[PDB]
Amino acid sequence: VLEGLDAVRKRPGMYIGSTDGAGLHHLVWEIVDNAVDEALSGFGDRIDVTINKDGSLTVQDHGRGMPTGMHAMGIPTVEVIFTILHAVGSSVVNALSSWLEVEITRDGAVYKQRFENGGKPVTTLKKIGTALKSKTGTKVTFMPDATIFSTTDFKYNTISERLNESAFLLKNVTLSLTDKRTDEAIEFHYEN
């Protein structure tokens, strides 16, 4: 049985544990786990996480990029991933975000869709530019909903140690963290 995003908003703790500092960072693990699941599948050798000045957060990998095709009713596949809950991580974050943007680069084209106010699409998946055929990947940027979380301040140390673990488990893949609020940055990379 499928559910909408309002189902996650209704009982947020049931999907991310809680709505405090810990739960806020669960949002980060969800998106990153998808980039890591791409690397593990053999695509992309780096995953860059960026904490922006506006308080939002960005995860960018260099994998194959999420599918750019359509489904039923001319609804993009990426829209199905972010708005239909198969109750899975991508839609949960979108549901608990005041806005979210997904940027896909594949086949020499760059696509983009934006969501707002708990994952309501405000644009479709649009082709907005071109790129080299060698450049591929997915960029997700989201702003955690302040009317749901008790805190929307991402912790540099917390995200830091977790990327260190994920780097250690993956091997051969560099995960980075860049904080544009404080001009700090750090990388993790393990090899065997």
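Counting begins at 1, following the sequence as shown.
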| query | finding |
| --- | --- |
| Unresolved deposited residues lying between neighbours residue 87 and residue 88 | 10 or more |
| Mean C-alpha B-factor comparison - 40-48 and 134-142, higher one | 40-48 |
| 143-151 set against 29-37, stretch whose average Cα temperature factor tops the other in the entry | 143-151 |
| 103, 116, 107, 79, ranked by C-alpha B-factor: the highest one | 79 |
| Residue 65 - which third its CA temperature factor falls in, relative to the rest of the chain | lowest |
| Chain-wide C-alpha B factor ranking for residue 172, given as lowest, middle or highest third | middle |
| Third assignment of residue 124 from its chain's C-alpha B-factors | highest |
| Chain thirds of CA B-factor: placement of residue 97 | middle |
